[PDB]
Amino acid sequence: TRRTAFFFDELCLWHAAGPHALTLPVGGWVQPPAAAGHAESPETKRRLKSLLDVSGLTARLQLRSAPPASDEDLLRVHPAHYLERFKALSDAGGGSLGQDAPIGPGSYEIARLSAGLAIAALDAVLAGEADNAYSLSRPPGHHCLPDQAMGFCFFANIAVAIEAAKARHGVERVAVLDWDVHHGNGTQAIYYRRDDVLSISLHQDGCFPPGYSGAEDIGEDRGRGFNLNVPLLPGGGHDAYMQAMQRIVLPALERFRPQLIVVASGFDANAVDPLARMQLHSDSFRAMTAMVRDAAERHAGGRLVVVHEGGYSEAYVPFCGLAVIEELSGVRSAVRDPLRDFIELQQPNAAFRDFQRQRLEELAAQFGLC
């Protein structure tokens, strides 16, 4: 077994937007839901923590919290006026900070804590306190721009954590693998002209931001070649992702030689997620974690941090998150995923798999990875 730190704070589960039906603000033609609320709900993360507890896996992890992100840490990425505007709206009982960026009362303090967990997770792994770590950072981060909240993200959690780590530890090469089903536009933008951070996003082609594919966006100037977008066809599942990992991600990491790998781990590529159209099961997430852990072992002395991002199935995210944490820790709990065999039967047929495989081969060639 490996020593896995689990960064968690109950307060992160207390962030909540005003009334929404899925992602639609209530009002106009949108009736208030009788129960549900915004897709980015506490239950889509709480149920992961609950399952970690009931499985007993929590007892085999190093459980940690952290202080909230300081102004100094936040200001490496975000302007003081952004902090001010966010705080003011949060103090006024919430509202809209951006397009698809709704906040609630006290969301400002809670978002600082989310960012703080990510900072602390990178710190712990670079300090040798754990071999690897998982940070349950809610609200999520990977769509957030320096001065623009987006896609349910209010601070750029991973970028804040990276800039803090560079300041404190002087790490030179960080890879960020973003397997949240949506494009990691925040991470991409921040590091677009940088060669010290390799940003890779696997995402459903055109999902969010809507209509964005991005294969041709490989970074610029000093960063040219240090950003890779893999826009997978909607409907893809396990094979599409395994092919992307083998043909693009692993070769890209091999060439870059990261000293630390950070995963933007959304689970919204799962087969029952409302916010995308991909077909992953819990063993897909297990396999991706195994592959990136192996890459971390080969290049980064094992130094791997997984940061929770998206995932909107209350029923199924917990099984997917559990699989990741089992793989990080090398511990196998008694949990059996009850949907795995069902999802295996729903996968793309051979003709569709081949179609997607050929596109990935072409993309690997475009990237110079063949």
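For every residue, the number given is its place in the sequence shown, counted from 1.
Stretch comparison (106-114 versus 84-92) by mean CA B-factor in the PDB entry places 84-92 on top. Note on 62-70 vs 309-317: mean CA B-factor is higher in 62-70.
The residue among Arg168, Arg193, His281, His143 whose C-alpha atom has the highest B-factor in the PDB entry is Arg168.
Considering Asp268, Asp147, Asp178, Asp294 together, the PDB entry gives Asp294 the largest C-alpha B factor.
Among the modelled residues of its chain, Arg46 has a C-alpha B-factor that falls in the middle third according to the deposited record. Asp205: CA B factor in the lowest third of modelled residues in this chain (values from the PDB entry). Sort the modelled residues of the chain by CA B factor and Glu172 lands in the highest third. Sort the modelled residues of the chain by CA B factor and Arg286 lands in the middle third. In the deposited entry, the Cα temperature factor of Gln358 places it in the highest third of its chain's modelled residues.
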